[PDB]
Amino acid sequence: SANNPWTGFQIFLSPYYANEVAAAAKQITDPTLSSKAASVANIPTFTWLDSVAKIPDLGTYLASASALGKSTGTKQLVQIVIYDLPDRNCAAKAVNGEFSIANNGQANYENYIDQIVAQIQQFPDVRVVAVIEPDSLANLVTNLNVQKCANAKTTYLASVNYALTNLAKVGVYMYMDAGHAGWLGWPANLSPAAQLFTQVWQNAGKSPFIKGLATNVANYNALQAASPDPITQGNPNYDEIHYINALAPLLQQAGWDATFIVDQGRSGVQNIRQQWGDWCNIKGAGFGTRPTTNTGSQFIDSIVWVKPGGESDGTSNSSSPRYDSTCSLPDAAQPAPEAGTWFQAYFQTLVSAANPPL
């Protein structure tokens, strides 16, 4: 499109990831690998607002970005993930997230959005790009037979609508999470996906700030694969570019000339999964293509690093109340710590296996 949110902007670099990476890098013993690892702190990532407790951090990042732009003669851009739906991750095994549908979850989520909006409103010289609720809408396409998802459907739709409607009022550029090629990119899932995303876009007023969709978030697919990963057999859309090329025209026909961003933060190594649906701490992953607006596709505004490589997808300890058995599969790196916490051995391999090399 004409207006790529990133062009002309300096991305604010997460200080939390920089510190996590800094603490991680001094533990890497090989000096050549250590300096490569430290440099990852200079690669822009998304900050996940996975709880209300993260909202004050957003406030500090906006204020720091505002000052840094003035100090360097630049316009700054802060990258966030909205990730706190009630009954979050409905198809996952075991309960995740601080809000539940049964305990005023919708209302609590609205208050979470209101607190985010109230921060963003204070810093109008900073641009914000938000990924909206990974692992949410996509479940309403393919997983309505999952009872937790069926029971969450109206809440997910209302809560995502509230986020889109109210973040638009403070000019946030938004990409709704849309799964990945092996989820919604199956040809038979494309029209159901397009219908759902367009209804969501309509309910939120078709705001021009709703730019489009984010794909491959926290996943491992290629953007453009050299040859299809064996996990993809049966799906002609074997990488993200095929998925996006197929879905984008369906959205255009609805009057939404949608654009896309694609996570490549853990895509450096292909052909590492036994089944396409295996998502947790996949062993041997490497950092992939660094964020760039040089995407190779009319439909893609940016390659991004949404999931911060090195933070665990979930614990492998079956005694944890948060345990998801996907995290103990043969292709999952084990032992792994709780979701969101630092997984040092996994980070070191992401660095060693980076492609392109760091």
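Numbering starts at 1 and follows the sequence shown.
In this entry, the higher average B-factor at the C-alpha atoms falls on 143-151, of the pair 158-166 and 143-151. Averaged over CA atoms, B-factors in the entry run higher in 89-97 than in the other of 89-97 and 192-200. Across 333, 55, 62, 304, the greatest Cα temperature factor reported in the deposited entry is at 333. Residue set 253, 207, 264, 121: peak C-alpha B-factor at 253 (per PDB entry). Per the PDB record, residue ranking by Cα B-factor puts residue 211 in the lowest third of the chain. In this PDB entry, the Cα temperature factor of residue 113 sits in the bottom third of its chain's modelled residues, the lowest group. Split the chain's modelled residues into thirds by C-alpha temperature factor. Residue 3 is in the lowest one.
Per the deposited record, the Cα B-factor of residue 45 falls in the lowest third when ranked against the other modelled residues of its chain. Among all modelled residues in this chain, the alpha-carbon of residue 221 has a temperature factor (C-alpha) in the lowest third.
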